[PDB]
Amino acid sequence: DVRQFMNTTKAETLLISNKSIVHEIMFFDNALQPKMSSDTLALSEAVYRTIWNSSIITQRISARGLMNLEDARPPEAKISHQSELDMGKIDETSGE
Amino acid sequence: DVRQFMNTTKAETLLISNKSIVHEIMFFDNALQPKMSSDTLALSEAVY
């Protein structure tokens, strides 16, 4: 949400805390970057980042990106896992 | 000048003339078309 992505905490504060308070951090994804028009001059200065999640933080991502950057499947788009679209019978006694 | 390119004469008039009058015609070039962003859906109908 490049329009509405904040920068909540600078790292100078993740080293000052009572070790028992959970911060909240806003990660920004851009893996589905369109390849801009073949007119713009390539950039000259990049963007930095400091924090890095040490483990997996994506269990609640059903789908990432509905685009078509080349009018086909974007080579890193993620459709949902077949596990979450199962409709099996129920034991007629206790739902479940 | 896609912004300011007219369409002066339709061909139905280049066949009606006294053979001695010079028309003026505006040709439009676009050979240096940028290849637009790899996001837009390819077009469906061309230009004649």
# chains A, B, ... in the order shown; residues from 1 in each chain; ligands from 1
call {"tool": "closest_atom_pairs", "arguments": {"of": "chain B", "to": "chain A", "cutoff": "10 Å", "atoms": "only C-alpha atoms", "output": "JSON lines"}}
result
{"residue": "B:33", "atom": "CA", "partner": "A:39", "partner_atom": "CA", "distance": 9.5}
{"residue": "B:34", "atom": "CA", "partner": "A:38", "partner_atom": "CA", "distance": 6.0}
{"residue": "B:35", "atom": "CA", "partner": "A:38", "partner_atom": "CA", "distance": 5.4}
{"residue": "B:36", "atom": "CA", "partner": "A:37", "partner_atom": "CA", "distance": 4.6}
{"residue": "B:37", "atom": "CA", "partner": "A:37", "partner_atom": "CA", "distance": 3.7}
{"residue": "B:38", "atom": "CA", "partner": "A:69", "partner_atom": "CA", "distance": 5.4}
{"residue": "B:39", "atom": "CA", "partner": "A:69", "partner_atom": "CA", "distance": 4.9}
{"residue": "B:40", "atom": "CA", "partner": "A:69", "partner_atom": "CA", "distance": 7.9}
{"residue": "B:41", "atom": "CA", "partner": "A:71", "partner_atom": "CA", "distance": 6.8}
{"residue": "B:42", "atom": "CA", "partner": "A:71", "partner_atom": "CA", "distance": 8.0}
call {"tool": "residues_around", "arguments": {"residues": "residue 32 in chain A", "least_positions_apart": "6", "cutoff": "10 Å", "atoms": "only C-alpha atoms", "output": "PyMOL selection string"}}
result
chain A and resi 64-69+74-77
call {"tool": "write_last_selection", "arguments": {"atoms": "N, CA, C and O atoms", "output": "short mmCIF file (atom, residue, chain, number, x, y, z; two decimals), in the first residue's frame"}}
result
data_model
loop_
_atom_site.label_atom_id
_atom_site.label_comp_id
_atom_site.auth_asym_id
_atom_site.auth_seq_id
_atom_site.Cartn_x
_atom_site.Cartn_y
_atom_site.Cartn_z
N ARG A 64 -1.78 -13.52 -3.28
CA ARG A 64 -0.94 -12.34 -3.47
C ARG A 64 -0.92 -11.98 -4.95
O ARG A 64 -0.30 -12.68 -5.75
N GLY A 65 -1.61 -10.91 -5.30
CA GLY A 65 -1.54 -10.38 -6.64
C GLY A 65 -2.51 -11.01 -7.60
O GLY A 65 -2.48 -12.23 -7.81
N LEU A 66 -3.38 -10.20 -8.18
CA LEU A 66 -4.30 -10.67 -9.21
C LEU A 66 -3.97 -10.08 -10.56
O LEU A 66 -4.81 -10.11 -11.46
N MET A 67 -2.76 -9.56 -10.73
CA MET A 67 -2.37 -8.86 -11.93
C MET A 67 -2.14 -9.81 -13.09
O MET A 67 -2.42 -11.00 -12.99
N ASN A 68 -1.65 -9.26 -14.20
CA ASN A 68 -1.04 -10.06 -15.25
C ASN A 68 0.02 -9.17 -15.89
O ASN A 68 -0.27 -8.41 -16.82
N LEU A 69 1.25 -9.26 -15.39
CA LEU A 69 2.28 -8.33 -15.83
C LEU A 69 2.66 -8.56 -17.28
O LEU A 69 3.10 -7.62 -17.95
N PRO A 74 1.80 -14.09 -13.28
CA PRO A 74 3.00 -13.45 -12.76
C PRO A 74 3.89 -14.48 -12.11
O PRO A 74 3.42 -15.31 -11.32
N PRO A 75 5.17 -14.46 -12.39
CA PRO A 75 6.02 -15.61 -12.04
C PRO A 75 6.26 -15.78 -10.55
O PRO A 75 7.03 -16.65 -10.15
N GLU A 76 5.61 -14.96 -9.71
CA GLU A 76 5.70 -15.19 -8.27
C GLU A 76 4.37 -14.93 -7.57
O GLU A 76 4.36 -14.60 -6.38
N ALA A 77 3.26 -15.09 -8.27
CA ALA A 77 1.96 -14.95 -7.63
C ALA A 77 1.58 -16.24 -6.93
O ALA A 77 2.00 -17.33 -7.33
#
call {"tool": "residues_around", "arguments": {"residues": "range 24-26 of chain A", "least_positions_apart": "6", "cutoff": "8 Å", "atoms": "only C-alpha atoms", "output": "MDAnalysis selection string"}}
result
chainID A and resid 5:9
call {"tool": "write_last_selection", "arguments": {"atoms": "N, CA, C and O atoms", "output": "PDB file, in the first residue's frame"}}
result
ATOM      1  N   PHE A   5       1.605   3.144   3.607  1.00  0.00           N
ATOM      2  CA  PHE A   5       2.538   2.328   4.369  1.00  0.00           C
ATOM      3  C   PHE A   5       3.350   3.247   5.265  1.00  0.00           C
ATOM      4  O   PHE A   5       4.057   4.132   4.778  1.00  0.00           O
ATOM      5  N   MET A   6       3.256   3.033   6.570  1.00  0.00           N
ATOM      6  CA  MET A   6       3.960   3.876   7.522  1.00  0.00           C
ATOM      7  C   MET A   6       5.345   3.303   7.795  1.00  0.00           C
ATOM      8  O   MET A   6       5.797   2.360   7.146  1.00  0.00           O
ATOM      9  N   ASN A   7       6.043   3.900   8.750  1.00  0.00           N
ATOM     10  CA  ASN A   7       7.410   3.530   9.080  1.00  0.00           C
ATOM     11  C   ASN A   7       7.563   3.481  10.591  1.00  0.00           C
ATOM     12  O   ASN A   7       8.475   4.075  11.166  1.00  0.00           O
ATOM     13  N   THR A   8       6.652   2.753  11.239  1.00  0.00           N
ATOM     14  CA  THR A   8       6.346   2.942  12.655  1.00  0.00           C
ATOM     15  C   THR A   8       7.569   3.161  13.541  1.00  0.00           C
ATOM     16  O   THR A   8       7.685   4.217  14.170  1.00  0.00           O
ATOM     17  N   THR A   9       8.498   2.209  13.597  1.00  0.00           N
ATOM     18  CA  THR A   9       9.544   2.254  14.619  1.00  0.00           C
ATOM     19  C   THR A   9      10.915   2.222  13.966  1.00  0.00           C
ATOM     20  O   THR A   9      11.217   1.298  13.207  1.00  0.00           O
TER      21      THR A   9
END
